[PDB]
$ cat data29.cif   # mmCIF, N, CA and C atoms
data_target
#
loop_
_atom_site.label_atom_id
_atom_site.label_comp_id
_atom_site.auth_asym_id
_atom_site.auth_seq_id
_atom_site.Cartn_x
_atom_site.Cartn_y
_atom_site.Cartn_z
N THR L 102 0.85 -1.17 0.00
CA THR L 102 0.00 0.00 0.00
C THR L 102 0.87 1.20 0.00
N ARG L 103 1.96 1.14 0.78
CA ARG L 103 2.90 2.20 0.84
C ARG L 103 3.58 2.42 -0.44
N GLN L 104 3.98 1.31 -1.09
CA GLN L 104 4.73 1.33 -2.30
C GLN L 104 3.94 1.99 -3.38
N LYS L 105 2.64 1.68 -3.44
CA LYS L 105 1.73 2.20 -4.40
C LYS L 105 1.61 3.68 -4.31
N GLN L 106 1.53 4.21 -3.08
CA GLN L 106 1.43 5.63 -2.89
C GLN L 106 2.67 6.32 -3.34
N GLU L 107 3.82 5.72 -3.00
CA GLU L 107 5.11 6.28 -3.26
C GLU L 107 5.36 6.42 -4.73
N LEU L 108 4.99 5.38 -5.50
CA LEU L 108 5.14 5.35 -6.93
C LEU L 108 4.33 6.42 -7.56
N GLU L 109 3.09 6.60 -7.08
CA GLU L 109 2.21 7.61 -7.61
C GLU L 109 2.80 8.97 -7.36
N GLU L 110 3.37 9.18 -6.15
CA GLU L 110 3.89 10.45 -5.74
C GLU L 110 5.06 10.82 -6.58
N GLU L 111 5.90 9.83 -6.91
CA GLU L 111 7.07 10.06 -7.70
C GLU L 111 6.70 10.57 -9.05
N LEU L 112 5.69 9.92 -9.67
CA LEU L 112 5.25 10.23 -11.00
C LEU L 112 4.71 11.60 -11.10
N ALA L 113 3.91 11.99 -10.08
CA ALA L 113 3.20 13.24 -10.06
C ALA L 113 4.16 14.39 -10.09
N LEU L 114 5.20 14.31 -9.23
CA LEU L 114 6.22 15.30 -9.21
C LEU L 114 7.02 15.25 -10.47
N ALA L 115 7.39 14.02 -10.89
CA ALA L 115 8.29 13.82 -11.97
C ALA L 115 7.80 14.33 -13.28
N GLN L 116 6.52 14.11 -13.62
CA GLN L 116 5.94 14.64 -14.83
C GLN L 116 5.88 16.13 -14.86
N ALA L 117 5.48 16.73 -13.72
CA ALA L 117 5.25 18.14 -13.62
C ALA L 117 6.54 18.88 -13.76
N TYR L 118 7.55 18.43 -13.01
CA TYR L 118 8.84 19.05 -12.89
C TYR L 118 9.72 18.81 -14.10
N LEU L 119 9.48 17.74 -14.91
CA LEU L 119 10.36 17.30 -15.99
C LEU L 119 10.62 18.40 -16.99
N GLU L 120 9.55 19.09 -17.44
CA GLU L 120 9.63 20.14 -18.42
C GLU L 120 10.39 21.36 -18.00
N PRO L 121 10.22 21.96 -16.82
CA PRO L 121 11.04 23.09 -16.43
C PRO L 121 12.47 22.69 -16.28
N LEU L 122 12.75 21.48 -15.78
CA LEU L 122 14.10 21.07 -15.51
C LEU L 122 14.97 20.81 -16.68
N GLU L 123 14.45 20.19 -17.76
CA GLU L 123 15.21 20.04 -18.98
C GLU L 123 15.44 21.38 -19.59
N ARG L 124 14.39 22.24 -19.61
CA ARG L 124 14.44 23.55 -20.23
C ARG L 124 15.43 24.47 -19.56
N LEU L 125 15.40 24.50 -18.21
CA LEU L 125 16.28 25.26 -17.37
C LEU L 125 17.67 24.76 -17.51
N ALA L 126 17.85 23.42 -17.57
CA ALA L 126 19.13 22.75 -17.68
C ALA L 126 19.82 23.10 -18.96
N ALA L 127 19.06 23.20 -20.08
CA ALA L 127 19.57 23.53 -21.38
C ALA L 127 20.11 24.93 -21.38
N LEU L 128 19.37 25.88 -20.75
CA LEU L 128 19.77 27.26 -20.60
C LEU L 128 21.00 27.40 -19.75
N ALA L 129 21.03 26.65 -18.63
CA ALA L 129 22.05 26.60 -17.62
C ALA L 129 23.31 25.93 -18.01
N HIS L 130 23.27 25.09 -19.07
CA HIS L 130 24.33 24.19 -19.41
C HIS L 130 25.65 24.89 -19.60
N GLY L 131 26.67 24.37 -18.89
CA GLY L 131 28.03 24.85 -18.90
C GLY L 131 28.36 25.42 -17.56
N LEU L 132 27.34 25.68 -16.71
CA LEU L 132 27.54 26.16 -15.37
C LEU L 132 27.21 25.10 -14.40
N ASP L 133 26.68 23.96 -14.88
CA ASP L 133 26.22 22.91 -14.02
C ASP L 133 27.14 21.73 -14.19
N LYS L 134 28.42 22.01 -14.56
CA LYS L 134 29.54 21.08 -14.50
C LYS L 134 30.24 21.23 -13.17
N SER L 135 29.93 22.33 -12.46
CA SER L 135 30.50 22.73 -11.21
C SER L 135 30.23 24.21 -11.22
N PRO L 136 29.24 24.76 -10.49
CA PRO L 136 29.03 26.19 -10.36
C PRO L 136 30.27 26.83 -9.84
N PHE L 137 30.79 27.80 -10.60
CA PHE L 137 31.93 28.61 -10.29
C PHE L 137 31.55 30.01 -10.69
N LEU L 138 30.43 30.01 -11.43
CA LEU L 138 29.50 31.04 -11.72
C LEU L 138 28.35 30.55 -10.88
N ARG L 139 27.50 31.46 -10.38
CA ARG L 139 26.36 31.08 -9.59
C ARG L 139 25.18 31.51 -10.38
N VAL L 140 24.14 30.68 -10.23
CA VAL L 140 23.03 30.65 -11.13
C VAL L 140 21.82 30.65 -10.28
N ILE L 141 20.71 31.26 -10.80
CA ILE L 141 19.44 31.21 -10.13
C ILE L 141 18.43 30.83 -11.22
N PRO L 142 17.73 29.68 -11.13
CA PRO L 142 16.66 29.29 -12.03
C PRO L 142 15.39 29.87 -11.53
N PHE L 143 14.46 30.19 -12.43
CA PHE L 143 13.15 30.51 -11.96
C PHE L 143 12.27 30.47 -13.14
N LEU L 144 10.97 30.22 -12.90
CA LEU L 144 10.02 30.21 -13.95
C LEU L 144 9.26 31.48 -13.77
N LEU L 145 8.93 32.15 -14.88
CA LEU L 145 8.02 33.27 -14.90
C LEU L 145 7.32 33.10 -16.21
N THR L 146 6.08 33.58 -16.38
CA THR L 146 5.46 33.57 -17.69
C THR L 146 5.78 34.92 -18.29
N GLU L 147 4.88 35.51 -19.09
CA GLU L 147 5.13 36.73 -19.82
C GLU L 147 5.15 38.00 -19.00
N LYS L 148 4.22 38.14 -18.02
CA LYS L 148 4.00 39.35 -17.26
C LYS L 148 5.16 39.83 -16.42
N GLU L 149 5.80 38.91 -15.67
CA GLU L 149 6.85 39.19 -14.72
C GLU L 149 8.13 39.56 -15.44
N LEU L 150 8.27 39.11 -16.70
CA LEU L 150 9.48 39.07 -17.50
C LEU L 150 10.14 40.45 -17.58
N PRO L 151 9.51 41.60 -17.82
CA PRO L 151 10.19 42.88 -17.75
C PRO L 151 10.66 43.23 -16.36
N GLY G 21 22.15 32.62 -26.53
CA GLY G 21 22.67 32.33 -25.18
C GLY G 21 24.12 32.05 -25.25
N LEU G 22 24.93 33.06 -24.85
CA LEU G 22 26.37 33.05 -24.84
C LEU G 22 26.86 31.93 -23.96
N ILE G 23 26.40 32.01 -22.69
CA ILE G 23 26.45 31.14 -21.53
C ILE G 23 27.64 30.23 -21.44
N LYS G 24 27.74 29.24 -22.36
CA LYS G 24 28.82 28.32 -22.60
C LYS G 24 30.19 28.95 -22.57
N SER G 25 30.34 30.08 -23.30
CA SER G 25 31.51 30.93 -23.37
C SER G 25 32.08 31.41 -22.04
N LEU G 26 31.26 32.09 -21.20
CA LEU G 26 31.69 32.68 -19.94
C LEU G 26 31.90 31.62 -18.91
N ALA G 27 31.28 30.45 -19.12
CA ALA G 27 31.37 29.33 -18.24
C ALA G 27 32.50 28.44 -18.68
N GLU G 28 33.35 28.98 -19.57
CA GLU G 28 34.59 28.44 -20.01
C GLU G 28 35.59 29.39 -19.47
N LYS G 29 35.35 30.72 -19.59
CA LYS G 29 36.22 31.72 -19.03
C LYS G 29 36.60 31.54 -17.59
N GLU G 30 35.67 31.05 -16.75
CA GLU G 30 35.92 30.68 -15.37
C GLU G 30 36.80 29.46 -15.19
N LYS G 31 37.10 28.71 -16.27
CA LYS G 31 37.86 27.49 -16.17
C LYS G 31 39.28 27.87 -16.46
N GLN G 32 39.51 28.56 -17.59
CA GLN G 32 40.77 29.10 -18.02
C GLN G 32 41.49 29.90 -16.96
N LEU G 33 40.75 30.81 -16.31
CA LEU G 33 41.17 31.67 -15.25
C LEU G 33 41.58 30.93 -14.03
N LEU G 34 40.76 29.95 -13.61
CA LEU G 34 41.06 29.09 -12.49
C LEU G 34 42.34 28.33 -12.67
N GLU G 35 42.68 27.92 -13.92
CA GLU G 35 43.82 27.07 -14.19
C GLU G 35 45.05 27.92 -14.39
N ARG G 36 44.86 29.25 -14.60
CA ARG G 36 45.89 30.25 -14.62
C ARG G 36 46.28 30.71 -13.23
N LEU G 37 45.28 30.78 -12.32
CA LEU G 37 45.45 31.05 -10.92
C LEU G 37 46.16 29.94 -10.21
N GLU G 38 45.68 28.70 -10.49
CA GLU G 38 46.24 27.41 -10.16
C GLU G 38 47.69 27.34 -10.54
N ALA G 39 48.00 27.59 -11.82
CA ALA G 39 49.35 27.59 -12.34
C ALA G 39 50.31 28.55 -11.66
N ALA G 40 49.81 29.72 -11.20
CA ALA G 40 50.60 30.72 -10.53
C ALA G 40 51.04 30.19 -9.21
N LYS G 41 50.07 29.67 -8.44
CA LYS G 41 50.27 29.08 -7.15
C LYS G 41 51.31 27.96 -7.17
N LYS G 42 51.27 27.08 -8.21
CA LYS G 42 52.10 25.90 -8.29
C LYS G 42 53.54 26.25 -8.44
N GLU G 43 53.91 26.97 -9.51
CA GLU G 43 55.24 27.50 -9.67
C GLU G 43 55.71 28.36 -8.51
N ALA G 44 54.77 29.05 -7.83
CA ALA G 44 55.05 29.79 -6.63
C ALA G 44 55.59 28.88 -5.55
N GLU G 45 54.85 27.83 -5.14
CA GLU G 45 55.27 26.86 -4.14
C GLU G 45 56.51 26.07 -4.52
N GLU G 46 56.83 25.99 -5.84
CA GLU G 46 58.02 25.36 -6.38
C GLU G 46 59.22 26.15 -5.95
N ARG G 47 59.12 27.49 -6.00
CA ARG G 47 60.12 28.40 -5.50
C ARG G 47 60.43 28.18 -4.03
N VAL G 48 59.42 27.69 -3.27
CA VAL G 48 59.58 27.41 -1.87
C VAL G 48 60.35 26.15 -1.70
N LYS G 49 60.05 25.13 -2.51
CA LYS G 49 60.80 23.90 -2.53
C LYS G 49 62.22 24.08 -3.02
N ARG G 50 62.47 25.16 -3.78
CA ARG G 50 63.76 25.61 -4.23
C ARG G 50 64.56 26.21 -3.09
N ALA G 51 63.95 27.10 -2.26
CA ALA G 51 64.63 27.70 -1.13
C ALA G 51 64.90 26.69 -0.05
N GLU G 52 64.06 25.63 0.06
CA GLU G 52 64.35 24.51 0.93
C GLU G 52 65.63 23.79 0.57
N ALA G 53 65.93 23.63 -0.73
CA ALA G 53 67.15 22.98 -1.16
C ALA G 53 68.38 23.73 -0.75
N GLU G 54 68.41 25.06 -1.02
CA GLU G 54 69.54 25.85 -0.59
C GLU G 54 69.71 25.90 0.89
N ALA G 55 68.60 25.86 1.64
CA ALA G 55 68.63 25.95 3.08
C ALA G 55 69.35 24.80 3.74
N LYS G 56 69.28 23.58 3.16
CA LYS G 56 70.07 22.44 3.59
C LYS G 56 71.48 22.60 3.13
N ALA G 57 71.64 22.76 1.80
CA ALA G 57 72.91 22.88 1.14
C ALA G 57 73.90 23.84 1.77
N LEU G 58 73.41 25.06 2.09
CA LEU G 58 74.20 26.17 2.58
C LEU G 58 74.74 25.93 3.95
N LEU G 59 74.10 25.02 4.67
CA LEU G 59 74.50 24.56 5.96
C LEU G 59 75.41 23.38 5.85
N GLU G 60 75.13 22.43 4.91
CA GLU G 60 75.88 21.20 4.70
C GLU G 60 77.35 21.48 4.46
#
$ encode --input "data29.cif" --output "structure tokens"
Amino acid sequence: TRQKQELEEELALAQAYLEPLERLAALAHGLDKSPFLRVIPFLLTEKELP
Amino acid sequence: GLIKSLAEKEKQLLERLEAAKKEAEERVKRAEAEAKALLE
């Protein structure tokens, strides 16, 4: 019963988070070999952007 | 997205800083040699 819940929980987070993380990772790439530059990820849609 | 570029610049610089330090401490190992020798 526990296992079932856990699996579901993993998926729920994993699907949701998958898209920002690949996208952010692609943008971030070259700094995530070892931050020596420091980076801040964040999602914003159109409004916050300016 | 430049990104890749400047995140290379931090590598080159680090290995130049690194290189300075190394030859620096070599000079110390050099003064150690004379320090025995000059007494011997």
$ resolve_selection --input "data29.cif" --expression "the PyMOL selection byres ((chain L) within 6.5 of (chain G))" --output "MDAnalysis selection string"
chainID L and resid 130:132 137
$ atom_distance --input "data29.cif" --atom1 "atom C of residue L:110" --atom2 "atom CA of residue L:142"
22.5 Å
$ atom_distance --input "data29.cif" --atom1 "atom N of residue L:128" --atom2 "atom N of residue L:149"
19.5 Å
$ atom_distance --input "data29.cif" --atom1 "atom CA of residue L:109" --atom2 "atom CA of residue L:126"
24.8 Å
$ select_by_dssp --input "data29.cif" --residues "chain G" --states "helix (DSSP H, G or I)" --output "count of residues only"
32
